[PDB]
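The block underneath contains the structure these notes are about, expressed in structure tokens.
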Amino acid sequence: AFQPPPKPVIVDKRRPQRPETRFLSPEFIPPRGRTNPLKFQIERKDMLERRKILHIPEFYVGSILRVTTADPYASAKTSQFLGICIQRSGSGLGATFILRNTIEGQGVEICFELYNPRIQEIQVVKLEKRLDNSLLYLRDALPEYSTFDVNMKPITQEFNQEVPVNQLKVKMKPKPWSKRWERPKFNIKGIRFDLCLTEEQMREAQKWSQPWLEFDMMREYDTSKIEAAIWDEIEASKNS
Amino acid sequence: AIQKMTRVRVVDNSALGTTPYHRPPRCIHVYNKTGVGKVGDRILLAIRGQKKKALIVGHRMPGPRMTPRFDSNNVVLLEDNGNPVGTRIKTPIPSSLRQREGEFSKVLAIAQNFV
Amino acid sequence: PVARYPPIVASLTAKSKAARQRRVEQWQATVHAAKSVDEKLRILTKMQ
Amino acid sequence: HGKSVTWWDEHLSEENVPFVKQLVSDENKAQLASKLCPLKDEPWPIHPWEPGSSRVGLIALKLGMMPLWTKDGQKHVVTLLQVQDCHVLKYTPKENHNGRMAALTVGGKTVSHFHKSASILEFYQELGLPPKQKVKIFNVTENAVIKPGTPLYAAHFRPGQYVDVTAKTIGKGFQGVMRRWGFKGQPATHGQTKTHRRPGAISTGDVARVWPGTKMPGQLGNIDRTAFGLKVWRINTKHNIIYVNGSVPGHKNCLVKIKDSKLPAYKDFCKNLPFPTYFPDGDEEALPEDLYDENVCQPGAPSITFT
Amino acid sequence: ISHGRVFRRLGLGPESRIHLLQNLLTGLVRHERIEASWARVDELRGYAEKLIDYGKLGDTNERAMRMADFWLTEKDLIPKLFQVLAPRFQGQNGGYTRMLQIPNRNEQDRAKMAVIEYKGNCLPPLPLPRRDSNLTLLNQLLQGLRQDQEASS
RNA sequence: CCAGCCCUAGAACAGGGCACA
Ligand SMILES: [Mg+2]
Ligand SMILES: [Mg+2]
Ligand SMILES: [Mg+2]
Ligand SMILES: [Mg+2]
Ligand SMILES: [Mg+2]
Ligand SMILES: [Mg+2]
Ligand SMILES: [Mg+2]
Ligand SMILES: [Mg+2]
Ligand SMILES: [Mg+2]
């Protein structure tokens, strides 16, 4: 029997210079409330101890994941679900992410909890960013943007692609939608408005714009030192 | 969350669920002590101008975590004895319905997909 | 790499005399950008 | 004699303010370290446990809420109560307090000396401890009395137990009748004029008055309430944190009075618990960092799967 | 119920409050010391601190440039903000402003008035409340206590 | 003890904090 040779990497730091950037999952960022930081420290220790067993990978809103959950009433004790990440929300041990997929013409959304012990394995089959941090408009979008092959193979990516952002404009179903995605409070760039809405509709939707919120300077949440401390704790836990 | 006057979608293959009609099948009465129905709750419908019983399969209101949320208020038609009138169900079904098999045995026996 | 400072012109919608002069300059620039002499005379004598 | 108002910073200098601060800080640190070994100076006689005994409680701080999963897949919500500085301040005898049970006074987290009255400061100086914020009274039996001045820790409660939690709820101010009593309003737009949230009729015409039990708008929230039968799941001994099941009345960072559950279903549960209190120096062996219940999915778990 | 609210309602709404604070910030940047209502100045102090931080962020920063362009209505103050106020606040971290309550307005409204001032300005110093000297009776007693504590170590 | 300053406390008056940092 013969085995073929592996393909090693030919990184040459000489001609191309490429550094490396840190990625902190959104669940570690504490909310803006006046909660005692001791609770956040306790929750961070708990979620790090949980991550020591369950490998929670890096994935953004728009990536396609496959989650294996422990189901007692199924044929096999495991149940797989593949879908695109609609949104990631929550802080600490209760962080959740929404997976959406069209199965036989019926669109299904499941809100999985990251640190639930019933989750066996999470697999990012396509690490991929999109034009919006929350693409909840896929409910009102055409079904083709929600259908994904449940048996699709994982796509492996190399580090030097820095999470390619998918600039995909999405077609829309006729009005009305689940929400008024044309309002400035959503700030949506992933919907092809020029083919579904009209000029007067856009002008009427622009009446709800608040241009002072981007220059308020007091509604911003600066978490530089918080993120630095969280990263220090993460490195300490990884070394321990 | 399916309550009175809610227009539902029949999922199983039945004459009442397939034959078109000038009025969509609305909900008449929910058999809970509260007026709101959830997955696995018996309900009454007025389909094609007659009263029928149905079982709530899926709805659009979010529920507990790790539970499926569908894009339509799906229902499967039932008889008075508790047996389904349809032959098979094509749309997916919440896996939590298999927890109570004592009352939904013949309904789950015709279900094909579980989510 | 280079500083991009906004111009030091006065406001346009303010009550100040500088804002009034800027609006005067604005309508005079409209007259300048006018194409036909008929349009020039119309914009110059439309106020009564 | 028109004496003027004064505070501790009025007559101090730019150099004496930090000196005063550090002096009070070192005095508080020394006073709190002196009471760290209560079982070796002069502890009161420890009595055995009896079936009709009642235990003392603690005064913790409501940190926040956290999800917590059980081995059967269920997900509960726990509230974290941190016992910062719990000390038994005074003890009133049974015949001098109630004639049925004695009273133990417990103090909460430390506060500043510069904002208390002369009597409270004298009491705390005689006791030998820095002042506490919240001071509560617990009805204990005569055999569960502890010497005043002893510290109490969260390991007083063990993983798997039912507790009672008393606190002042979140005060919503002068609220209307619809938010205070859950009254239904009138229709929104079918002709009603300036009545969409009024209480409506308040009494009957023949009575010619309104009854004292009439529900009417007023204060809502700033009152003491007690949650009964909250299960404890986890005890963090390093930080002195208790994980009580469910919701706890009161906002976060507030003082909460915790005690054993007085429900008739959990009246004889104190048999296995440390009867007088938890003395960390009596065992001479440190407890684990986290004491969990027999059903809690600990953070380090095999990621349970059904069979 | 206004639990956890940090901004007070001013003007004819949120946008009007933003515009009022913007006018106040422009005046403060221009004159280095202004006087207004106590509530408006207390609301403006944080915006002034954040503006000094954005000015310290640098001239070539497009974010800071557009923030200054929005806030400073008089466009001759942006070079001032970037070349006078920010350079002179370098070793300092957050001590950029000083707010002091002055007596109530002599007008009939009797409004509670404050004065805000950027530290290190070319203006007569306000009559700041100075603490007592160490030669006071109580301060000398505390000095004796401090000396005893130093000798005891 | 309550001048002032904050508040998950409040119409006003009341009530809780202002030493760690
Ligand atoms: Mg809707
Ligand atoms: Mg008919
Ligand atoms: Mg309140
Ligand atoms: Mg109503
Ligand atoms: Mg009328
Ligand atoms: Mg009306
Ligand atoms: Mg009328
Ligand atoms: Mg009478
Ligand atoms: Mg007080």
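Labels used: A, B, ... for chains in the order of the structure tokens, numbers from 1 for residues in each chain, and numbers from 1 for ligands as shown.
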
Which residues form the shell of 10 Å around ligand 3 when you count only C-alpha atoms (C1' of nucleotides) and all ligand atoms, given as an NGL selection string?
(:D and (170-174 or 220-222)) or (:E and (1-4)) or (:F and (7-10))

Please identify all protein, DNA and RNA residues within 10 Å of ligand 6, counting only C-alpha atoms (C1' of nucleotides) and all ligand atoms, and report them as a PyMOL selection string.
chain D and resi 187-196

Among region 63-143 of chain E, which residues carry a DSSP assignment of alpha helix (DSSP H), reported as a PDB file with N, CA and C atoms, in the first residue's frame?
```
ATOM      1  N   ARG E  63     -12.270  60.045  12.075  1.00  0.00           N
ATOM      2  CA  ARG E  63     -13.361  59.991  13.042  1.00  0.00           C
ATOM      3  C   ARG E  63     -13.354  61.220  13.940  1.00  0.00           C
ATOM      4  N   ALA E  64     -12.197  61.538  14.522  1.00  0.00           N
ATOM      5  CA  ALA E  64     -12.098  62.713  15.378  1.00  0.00           C
ATOM      6  C   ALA E  64     -12.341  63.990  14.586  1.00  0.00           C
ATOM      7  N   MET E  65     -11.878  64.028  13.335  1.00  0.00           N
ATOM      8  CA  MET E  65     -12.080  65.211  12.506  1.00  0.00           C
ATOM      9  C   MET E  65     -13.562  65.465  12.267  1.00  0.00           C
ATOM     10  N   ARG E  66     -14.307  64.425  11.884  1.00  0.00           N
ATOM     11  CA  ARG E  66     -15.732  64.613  11.628  1.00  0.00           C
ATOM     12  C   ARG E  66     -16.510  64.852  12.917  1.00  0.00           C
ATOM     13  N   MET E  67     -16.069  64.271  14.036  1.00  0.00           N
ATOM     14  CA  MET E  67     -16.712  64.556  15.314  1.00  0.00           C
ATOM     15  C   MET E  67     -16.552  66.024  15.689  1.00  0.00           C
ATOM     16  N   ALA E  68     -15.336  66.558  15.538  1.00  0.00           N
ATOM     17  CA  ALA E  68     -15.111  67.972  15.805  1.00  0.00           C
ATOM     18  C   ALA E  68     -15.886  68.846  14.829  1.00  0.00           C
ATOM     19  N   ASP E  69     -15.956  68.435  13.561  1.00  0.00           N
ATOM     20  CA  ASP E  69     -16.709  69.197  12.570  1.00  0.00           C
ATOM     21  C   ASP E  69     -18.185  69.263  12.933  1.00  0.00           C
ATOM     22  N   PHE E  70     -18.731  68.175  13.477  1.00  0.00           N
ATOM     23  CA  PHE E  70     -20.127  68.193  13.898  1.00  0.00           C
ATOM     24  C   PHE E  70     -20.319  69.064  15.131  1.00  0.00           C
ATOM     25  N   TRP E  71     -19.484  68.868  16.153  1.00  0.00           N
ATOM     26  CA  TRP E  71     -19.740  69.509  17.438  1.00  0.00           C
ATOM     27  C   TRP E  71     -19.390  70.992  17.418  1.00  0.00           C
ATOM     28  N   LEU E  77     -12.634  76.861  15.371  1.00  0.00           N
ATOM     29  CA  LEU E  77     -12.256  76.277  16.650  1.00  0.00           C
ATOM     30  C   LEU E  77     -11.685  74.873  16.522  1.00  0.00           C
ATOM     31  N   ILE E  78     -11.863  74.225  15.377  1.00  0.00           N
ATOM     32  CA  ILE E  78     -11.343  72.878  15.156  1.00  0.00           C
ATOM     33  C   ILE E  78      -9.816  72.916  15.122  1.00  0.00           C
ATOM     34  N   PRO E  79      -9.179  73.830  14.374  1.00  0.00           N
ATOM     35  CA  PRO E  79      -7.723  73.969  14.529  1.00  0.00           C
ATOM     36  C   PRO E  79      -7.322  74.328  15.945  1.00  0.00           C
ATOM     37  N   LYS E  80      -8.109  75.166  16.621  1.00  0.00           N
ATOM     38  CA  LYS E  80      -7.832  75.467  18.021  1.00  0.00           C
ATOM     39  C   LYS E  80      -7.908  74.207  18.871  1.00  0.00           C
ATOM     40  N   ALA E  86      -5.803  70.134  22.808  1.00  0.00           N
ATOM     41  CA  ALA E  86      -5.291  68.766  22.872  1.00  0.00           C
ATOM     42  C   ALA E  86      -3.804  68.713  23.200  1.00  0.00           C
ATOM     43  N   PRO E  87      -2.926  69.525  22.591  1.00  0.00           N
ATOM     44  CA  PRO E  87      -1.506  69.447  22.975  1.00  0.00           C
ATOM     45  C   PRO E  87      -1.247  69.799  24.429  1.00  0.00           C
ATOM     46  N   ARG E  88      -1.984  70.757  24.991  1.00  0.00           N
ATOM     47  CA  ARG E  88      -1.758  71.138  26.378  1.00  0.00           C
ATOM     48  C   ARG E  88      -2.362  70.154  27.370  1.00  0.00           C
ATOM     49  N   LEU E 137      -5.779  74.151  64.544  1.00  0.00           N
ATOM     50  CA  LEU E 137      -5.714  73.294  65.725  1.00  0.00           C
ATOM     51  C   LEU E 137      -5.892  71.823  65.358  1.00  0.00           C
ATOM     52  N   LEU E 138      -6.983  71.501  64.660  1.00  0.00           N
ATOM     53  CA  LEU E 138      -7.276  70.111  64.325  1.00  0.00           C
ATOM     54  C   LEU E 138      -6.235  69.535  63.374  1.00  0.00           C
ATOM     55  N   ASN E 139      -5.794  70.327  62.395  1.00  0.00           N
ATOM     56  CA  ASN E 139      -4.790  69.842  61.457  1.00  0.00           C
ATOM     57  C   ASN E 139      -3.443  69.630  62.135  1.00  0.00           C
ATOM     58  N   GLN E 140      -3.110  70.452  63.130  1.00  0.00           N
ATOM     59  CA  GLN E 140      -1.875  70.246  63.876  1.00  0.00           C
ATOM     60  C   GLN E 140      -1.970  69.008  64.756  1.00  0.00           C
ATOM     61  N   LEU E 141      -3.148  68.756  65.331  1.00  0.00           N
ATOM     62  CA  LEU E 141      -3.348  67.521  66.083  1.00  0.00           C
ATOM     63  C   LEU E 141      -3.191  66.298  65.184  1.00  0.00           C
ATOM     64  N   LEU E 142      -3.769  66.352  63.983  1.00  0.00           N
ATOM     65  CA  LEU E 142      -3.623  65.242  63.046  1.00  0.00           C
ATOM     66  C   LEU E 142      -2.186  65.099  62.563  1.00  0.00           C
ATOM     67  N   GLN E 143      -1.459  66.210  62.431  1.00  0.00           N
ATOM     68  CA  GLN E 143      -0.044  66.133  62.086  1.00  0.00           C
ATOM     69  C   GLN E 143       0.753  65.461  63.195  1.00  0.00           C
TER      70      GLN E 143
END
```

Within 6 Å of region 98-104 of chain A using only C-alpha atoms (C1' of nucleotides), minus same-chain residues under 6 positions, as a PyMOL selection string:
chain A and resi 83-87+110-111+146-147

Emit the selected residues as a PDB file, in the first residue's frame, including C-alpha atoms.
```pdb
ATOM      1  CA  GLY A  83     -28.017  26.459   9.066  1.00  0.00           C
ATOM      2  CA  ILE A  84     -26.776  30.003   8.621  1.00  0.00           C
ATOM      3  CA  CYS A  85     -26.213  32.112  11.738  1.00  0.00           C
ATOM      4  CA  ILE A  86     -28.904  34.799  11.802  1.00  0.00           C
ATOM      5  CA  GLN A  87     -27.805  36.520  15.007  1.00  0.00           C
ATOM      6  CA  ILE A 110     -33.488  27.280  16.083  1.00  0.00           C
ATOM      7  CA  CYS A 111     -31.992  29.375  18.893  1.00  0.00           C
ATOM      8  CA  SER A 146     -32.249  30.324   3.266  1.00  0.00           C
ATOM      9  CA  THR A 147     -31.945  26.908   1.593  1.00  0.00           C
TER      10      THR A 147
END
```

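Among all protein and nucleic acid residues, the ones that lie within 8 Å of ligand 9 when counting only C-alpha atoms (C1' of nucleotides) and all ligand atoms are residues 115 of chain D; 2, 15, 16 and 17 of chain F.
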